[PDB]
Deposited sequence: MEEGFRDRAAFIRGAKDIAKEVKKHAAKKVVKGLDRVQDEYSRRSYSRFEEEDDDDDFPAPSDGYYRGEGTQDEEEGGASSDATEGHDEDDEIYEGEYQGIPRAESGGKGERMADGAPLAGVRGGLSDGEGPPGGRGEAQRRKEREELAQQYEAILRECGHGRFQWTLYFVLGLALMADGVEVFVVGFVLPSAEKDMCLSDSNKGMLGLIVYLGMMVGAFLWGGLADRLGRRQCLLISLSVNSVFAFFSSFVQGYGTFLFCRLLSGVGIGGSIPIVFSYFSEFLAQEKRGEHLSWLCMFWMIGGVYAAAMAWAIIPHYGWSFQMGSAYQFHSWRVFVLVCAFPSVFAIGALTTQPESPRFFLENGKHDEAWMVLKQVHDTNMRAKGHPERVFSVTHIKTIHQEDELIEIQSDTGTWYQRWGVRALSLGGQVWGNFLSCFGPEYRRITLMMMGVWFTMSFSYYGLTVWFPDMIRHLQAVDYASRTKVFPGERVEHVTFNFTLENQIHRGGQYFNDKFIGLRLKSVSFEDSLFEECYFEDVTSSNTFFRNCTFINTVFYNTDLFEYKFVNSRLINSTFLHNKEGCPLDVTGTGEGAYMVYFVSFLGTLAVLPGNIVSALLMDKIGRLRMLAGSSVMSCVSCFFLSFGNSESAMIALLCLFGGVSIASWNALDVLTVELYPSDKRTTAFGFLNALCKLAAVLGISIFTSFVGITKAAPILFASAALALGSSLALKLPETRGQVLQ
């Protein structure tokens, strides 16, 4: 069967152990995730400078599902290469455009390219990690999203600190420097093999043996008519997506959808309500008598997330994944309640940092759970579907929370708190990755 092969694969991985190969691949996929973080920041904060920049999220969901589904039939390295190439190509194109139409079309296609970054990188990394400590290592890899977010925030604060709302223009230079991480990720990933789990599942056992030999050698330095092809490939992708909701994985997938949607909705609503709330406070304080404030707030908020991820990774395996996920979701809800006490910009930044640092642990734990609960034959399909669900949640939360801006700080707080409470409730029902 396929369960007995998993035990053999885990035995080979454990016998080899961690080493150079895993860390090199860790940095490669870290660059790949840095690209995704950069694009998320760019869409969330830079593109509006109005509401029509959400097209990039709406394309990120499509790309996430498409690349996740394809990665099971074609490969994690090949499909990640294709997706990162699309993202880099269109991010590079965006710089030379001369209007918002072409600019947003290029950003939409680059978002389609980068949508499948997270699913494929997480499945691809988890397929090289032994069960002994893969939670801590996936949590370590989660850091690179924060690195990319802070990188983009710093480059925006340094390059274009002024609004477009009243390579030559500063924003074009910012665009291409933000595209750089994708190019570095592609260049790094071209030097990596293909995950042997995918080869073994497809039937290329000899290629899986070659990949495992490469891993061991690297670690040893330590211690129309023809259109039926596309039609059938899409058919396999659809069949895997439908099997994710089969007699088994239906309850698991529904719980995963609920928790992922709650987390993403809350986070993406709040991180767009925070700079807007601070800016409205500044406006009313100047009335009590240009854009680099948003980028500085984003830089601080995404930088504050990194200590939380340091603590999460070191404690992911010592404590667990259900315990971490629950103790992070309820703490995120509590911090959403605390958001009321942020009655001034000074406190608003501190509460934003607190919320991010508290919440990163639930995302780490849920990554590990979603890669440990789905077999390799549907890991990337389900992960890409849930990433598309998260992007839709991000669009919905951004829209709602930006509609709340300047009216009341209790509606965003209660929306996020209810979302996180429902997410924590559904997370408590998630089965332990063990079963």
Q: Spell out the unmodelled ranges of the deposited sequence for me, N- to C-terminal, numbering from the first residue.
A: 1-143, 193-204, 322-328, 386-417, 484-592, 739-742
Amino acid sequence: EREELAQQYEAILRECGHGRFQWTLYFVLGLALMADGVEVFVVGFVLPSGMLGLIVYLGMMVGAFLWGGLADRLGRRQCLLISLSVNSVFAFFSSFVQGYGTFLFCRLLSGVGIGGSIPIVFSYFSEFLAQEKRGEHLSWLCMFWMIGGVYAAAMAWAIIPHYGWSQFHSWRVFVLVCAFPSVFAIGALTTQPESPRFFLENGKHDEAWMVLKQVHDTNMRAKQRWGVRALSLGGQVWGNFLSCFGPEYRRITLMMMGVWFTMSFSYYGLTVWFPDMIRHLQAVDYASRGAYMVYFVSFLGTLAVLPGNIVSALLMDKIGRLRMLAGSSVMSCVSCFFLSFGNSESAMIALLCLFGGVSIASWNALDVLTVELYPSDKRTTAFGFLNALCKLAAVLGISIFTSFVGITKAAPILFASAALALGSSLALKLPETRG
From here on, numbers count along this sequence of modelled residues.
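If you superpose the two forms and keep the largest set of C-alpha atoms that fall within 1.5 Å, you have the rigid core.
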Q: State which stretch is farther from the displayed form on average in 9 other deposited structures of this protein, 341-349 or 355-363, counting RMS CA distance after fitting on the rigid core.
A: 341-349
Q. Do the Cα atoms of 379-387 stray more than those of 53-61 in 9 other deposited structures of this protein, or is it the other way round, with the core held fixed?
A. 53-61
